[PDB]
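Q: Each protein sequence line maps, in turn, to chains H, A and L. Note that the deposited numbering gives residue 129 to position 129 of the first sequence, counting from 1, and the numbers run on in steps of one. Note that the deposited numbering gives residue 187 to position 167 of the second sequence, counting from 1, and the numbers run on in steps of one. Note that the deposited numbering gives residue 14 to position 14 of the third sequence, counting from 1, and the numbers run on in steps of one. Okay, here's the structure, questions in a sec.
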Amino acid sequence: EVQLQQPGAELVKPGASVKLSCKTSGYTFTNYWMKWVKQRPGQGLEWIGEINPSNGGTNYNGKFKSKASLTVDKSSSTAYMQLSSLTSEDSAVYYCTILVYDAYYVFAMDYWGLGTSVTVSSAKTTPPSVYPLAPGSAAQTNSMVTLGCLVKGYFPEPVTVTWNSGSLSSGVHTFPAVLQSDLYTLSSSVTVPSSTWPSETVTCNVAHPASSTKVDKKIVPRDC
Amino acid sequence: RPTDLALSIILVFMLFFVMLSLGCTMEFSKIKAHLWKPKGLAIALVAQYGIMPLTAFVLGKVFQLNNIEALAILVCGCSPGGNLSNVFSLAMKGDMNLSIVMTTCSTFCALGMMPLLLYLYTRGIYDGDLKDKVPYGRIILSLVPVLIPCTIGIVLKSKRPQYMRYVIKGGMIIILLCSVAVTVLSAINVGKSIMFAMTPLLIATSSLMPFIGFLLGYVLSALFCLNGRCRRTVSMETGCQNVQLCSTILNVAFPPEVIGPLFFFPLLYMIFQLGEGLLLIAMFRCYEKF
Amino acid sequence: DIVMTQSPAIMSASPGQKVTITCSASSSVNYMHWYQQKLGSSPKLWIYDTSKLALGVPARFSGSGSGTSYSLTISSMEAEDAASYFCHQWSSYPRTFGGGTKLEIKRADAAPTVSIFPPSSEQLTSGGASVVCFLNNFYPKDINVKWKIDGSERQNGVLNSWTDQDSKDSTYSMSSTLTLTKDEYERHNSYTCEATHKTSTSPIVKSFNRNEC
Ligand SMILES: C[C@H](CCC(=O)NCCS(=O)(=O)O)[C@H]1CC[C@H]2[C@@H]3[C@H](O)C[C@@H]4C[C@H](O)CC[C@]4(C)[C@H]3C[C@H](O)[C@]12C
Ligand SMILES: C[C@H](CCC(=O)NCCS(=O)(=O)O)[C@H]1CC[C@H]2[C@@H]3[C@H](O)C[C@@H]4C[C@H](O)CC[C@]4(C)[C@H]3C[C@H](O)[C@]12C
């Protein structure tokens, strides 16, 4: 088996520098070139550079020659990258790829990493604030009931939002977050039977591994 | 890849034995005489390093080739004179006492000029530099399986000119056997070469480069009014090339998937070079018969 | 550098019909290779050298063409093929990927289930109020949302948040929040969320009145 391990995410400040690691195991490290690909959400993939671990020779992209510096260390089999002087438009996902190619018996196969979601923060970490939502009392009672748990004002991504610690898997809808004043808000929805809502407590647990904050809040009807 | 290693070993033995056979046709005194007063050698070096790489450059520009394909053509052009010329020049009674000088001095000058020509020509085709990927431990190592068999051949002739026979027949027999072996080892890869969609522009380039080399060498020799045998010797030294460096340069500089079909380019260059050389040999021998 | 004009950017398809994606290079390219990226996953090599297949790709896929116009053909589309396809060339540096096409799955049109949730008292205690509008299980994805306060449209503080394809129902969803201060929320009593879709000419109107709480 061939496996390429990359960090889940990296947090930086604008104008700073970051190092991306791509630890490869299960195959001899000094034969296949290591290609770095950057993916900005909202555009296509962009090719950054290559590096031959056994020789050190590199070929860069035209616009990344002054921002990227690929390096390898054959002792640790770890291929590195060093992004320098980051900007607000450098927030993307960076993949490390090796491609198997030969002509004796023609066949090819890719081995991609999981991607290191690099973002520019410029704002201190803030933990999630769950704002519970309840169906309107004047609304007609139905067999299925809409529920929501709005989370607003926290940083940075990612955030895990489930219902009853993953007990429910049908109708679980979670929406992508949007940035607002250097902070992002997320929402989630789920469909449950009318009887199960009061009988069984539904808690919209929120996990924020970046801030190591875990807040669990249940859903209750609006009583006044 | 074991087939590649076996091919390299059999080809090294092929060169060893064929040059052991070939070293019987020259004498050290003539080598010294031709090396001194460098008239033919200067013309051969000027040809191989000013008109073959320039032909590569112009032809790649005019055939509308890629950056990598143009790089491959340039690397084949800048390569030193191959050891095929030594065998070929015997087929038209060329001055063998000078082809060895050409090959040796061409290899030695390539060892220090190939990076220079590559840097002067690949501007605008390659972002980095090629003065670091050229194998300098292979240019000077390919010269040994040429000088050693030739030297032992001349020593055998000069000291003991009675073992002329027997060894010649044995060498020819083993050469035929190993040539059949190489044919078997190469017919299994020619199929994959033709399965790969090599662009017909590259096939035209590989077929047309040695022809231009031969004709420009003949014209250059005619301009300076060389001898009879020396004319053919230069006109066929300037056309034969050592394309076993192109594969190494391309593999080191570029990933295995960028080169793609170009991995089979040296085989195509060898087969077209052999075809054109044999055609010229047959034409010249027919001319000599009449 | 070679740029790619890959069209169409968004494609609708059905499970069983042939579909074609055309990558139109802006310069002569020998070989064109196609990458498939599923939902939330790293792209993997799909078709290389414009006709060959990578390891593991089903045999239904096929590429054709030469010059500056390459196509990817699917003989019989299945539900597993909904992903994004990028055309990539490495024959002339620098390697440039295409804009990418988003291949979806079509189905019968469905009406959104518009919902309204009153702002929680925690937001009011904090000093603000944000009402939400939930649209769930609708198709096709194009939809316009109108936010009206006291019967008057207010474009200020309007949020939109789509979703990806539902792997079970092949539909979409929406999320709209109106961000206002606590005083602004207390200034009015009637809040209306208007949803307009191609399925029904009459927009779906959901309203909440704070007078009755
Ligand atoms: C492989 C040889 C060329 C190699 C070269 O010039 N440099 C490589 C040396 S190294 O690895 O880099 O050390 C070529 C040059 C001359 C060739 C020969 C000629 O082309 C033709 C004859 C024909 C005979 O009937 C048998 C084969 C042969 C005798 C060929 C064998 C082989 O192809 C040779 C010997
Ligand atoms: C092209 C062959 C080797 C040259 C070389 O450098 N190959 C590298 C292969 S790869 O890139 O690494 O795959 C040469 C070497 C020996 C040659 C052969 C021999 O010289 C003789 C045989 C026998 C036939 O009767 C005549 C053609 C032939 C069948 C030749 C064909 C071709 O020119 C061969 C096979």
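Each residue gets a CB set at the ideal place from its N, CA and C atoms; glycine is no exception.
Please report how far the alpha carbon of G153(H) lies from the alpha carbon of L183(H), in whole angstroms.
A: Between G153(H) and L183(H), the C-alpha separation is close to 5 Å.
Q: Compare the C-alpha of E89(H) against each of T203(H), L179(H), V120(H) and name the closest.
A: Closest option to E89(H), Cα to Cα, is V120(H).
Q: Residues in its own chain within less than 7 Å of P156(H) by CB, not counting five upstream and five downstream?
A: Around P156(H): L11, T119, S121, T125, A210.
Q: Which residues, taken in chain order from the stretch 31-57 of chain H, show a beta carbon closer than 9 Å to some beta carbon of chain A?
A: Flagged, chain order: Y32, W33, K35, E50, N52, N55, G57.
Q: Below 9 Å between beta carbons: does that hold for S167(H) and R222(H)?
A: Contact: no.
Q: Under the assumption that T196(H) contacts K218(H) (Cβ atoms under 8 Å), give the Cβ distance between them as a whole number of angstroms.
A: 13 Å between Cβ atoms; not a contact.
Q: Please say whether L161(A) and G297(A) have beta carbons closer to each other than 9 Å?
A: Going by C-beta atoms, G297(A) is not nearer than 9 Å to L161(A).
Q: Pair every Cβ in the stretch 34-44 of chain L with every Cβ in the stretch 294-310 of chain A, then say whether three or more of these pairs are closer than 8 Å.
A: The stretch 34-44 of chain L, when compared against the stretch 294-310 of chain A, does not touch it at the 8 Å Cβ threshold.
Q: Taking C198(A) and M34(A) to be in contact with their CB atoms under 8 Å, please state how far apart those CB atoms are, rounded to whole angstroms.
A: With a Cβ gap of about 6 Å, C198(A) and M34(A) count as contacting.
Q: Starting from the Cα of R252(A), find the closest Cα among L91(A), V263(A), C266(A), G237(A) and give me that residue.
A: When only C-alpha atoms are compared, the closest one is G237(A).
Q: Is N31(H) near ligand 1, judged by its Cβ being under 8 Å from some heavy atom?
A: Not so, every heavy atom of ligand 1 lies at least 8 Å from the Cβ.
Q: Where does residue 262(L) fall in DSSP's three states?
A: Lying outside 1 to 213, the shown extent of chain L, residue 262(L) is not represented and no answer is given.
Q: Taking contact to mean 3 or more Cβ pairs, one atom from each stretch, closer than 8 Å, check whether the stretch 5-12 of chain L and the stretch 164-179 of chain A are in contact.
A: Not touching, per the Cβ criterion.
Q: Which of the three DSSP states is assigned to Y111(H) in this structure?
A: Three-state result, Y111(H): strand.
Q: Quick one, are the C-beta atoms of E89(A) and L282(A) less than 9 Å apart?
A: For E89(A) and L282(A), yes; Cβs fall inside 9 Å.
Q: Over what stretch of residues does the beta strand (DSSP E) that includes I74(L) continue unbroken?
A: That run of the beta strand (DSSP E) goes 70-74.
Q: Strictly below 9 Å CB to CB, what residues from chain H border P276(A)?
A: Those are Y32, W33, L99, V100, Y101, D102, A103, listed as they occur along chain H.
Q: Hey, quick one: how far does the beta strand (DSSP E) through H208(H) stretch, first residue to last?
A: Unbroken beta strand (DSSP E) run through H208(H): 206-208.
Q: So with Cβ pairs under 9 Å, would you call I88(A) a contact of chain L?
A: So yes, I88(A) belongs to the interface.
Q: What's the gap between the Cα of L103(L) and the Cα of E80(L)?
A: Going by the C-alpha atoms only, they are around 11 Å apart.
Q: Over what stretch of residues does the alpha helix (DSSP H) that includes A108(L) continue unbroken?
A: Neither: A108(L) is in no alpha helix (DSSP H) and is coded neither H nor E.
Q: What ranges does the alpha helix (DSSP H) occupy inside the stretch 78-111 of chain H, keeping only unbroken runs of at least 4 residues that lie completely in it?
A: Runs of the alpha helix (DSSP H) inside the stretch 78-111 of chain H: none found.
Q: Which of the three DSSP states, helix, strand or coil, is assigned to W197(H)?
A: Reduced to three states, the DSSP call for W197(H) is helix.
Q: Confirm the yes/no value for this check: CB of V32(A), any heavy atom of ligand 1, distance under 8 Å.
A: Under cutoff, so the answer is yes.
Q: Check whether the Cβ of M174(L) sits closer than 8 Å to any heavy atom of ligand 3, and report yes or no.
A: With respect to small molecules bound, the structure shown includes ligand 1 and ligand 2 and not ligand 3.
Q: For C98(A), which option in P58(A), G43(A), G60(A), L150(A) has the closest C-alpha, if you only look at C-alpha atoms?
A: For the residues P58(A), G43(A), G60(A), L150(A), the minimum Cα distance to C98(A) belongs to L150(A).
Q: Residues of chain H with a CB under 7 Å from the CB of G157(A): which are they?
A: Correct list: empty, because the minimum Cβ distance to chain H is about 14 Å.
Q: Would you list the one or two residues that DSSP bridges to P41(H)?
A: According to DSSP, which records beta bridges pairwise, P41(H) is partnered with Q43(H).
Q: Is any heavy atom in ligand 2 found nearer than 8 Å to the beta carbon of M134(A)?
A: No.
Q: Would you say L196(A) touches ligand 1, meaning its beta carbon is less than 8 Å from a heavy atom?
A: Yes, Cβ of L196(A) sits closer than 8 Å to a heavy atom of ligand 1.
Q: Starting from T225(A), find everything on chain L with Cβ-Cβ shorter than 8 Å and list it in chain order.
A: None at all; the shortest Cβ gap to chain L is about 14 Å.
Q: Quick check on this structure: which residue in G16(L), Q37(L), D1(L), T50(L) has the alpha carbon closest to the alpha carbon of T22(L)?
A: Selected option, being the one with the closest Cα: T50(L).
Q: In whole angstroms, what separates the C-alpha of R60(L) from that of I98(H)?
A: Straight-line Cα distance between these residues: approximately 26 Å.
Q: With distance defined between alpha-carbon atoms, name the residue in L243(A), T23(A), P169(A), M134(A) nearest to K59(A).
A: If we check each option's Cα against that of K59(A), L243(A) comes out closest.
Q: Which residues of the stretch 256-273 of chain A have a Cβ closer than 8 Å to any Cβ of chain H? Give them in chain order.
A: Result list: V272, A273.
Q: Does the structure place the stretch 129-144 of chain H close enough to the stretch 23-32 of chain H that three or more beta carbon pairs sit under 8 Å?
A: Cβ pair count under 8 Å is below three, so no.
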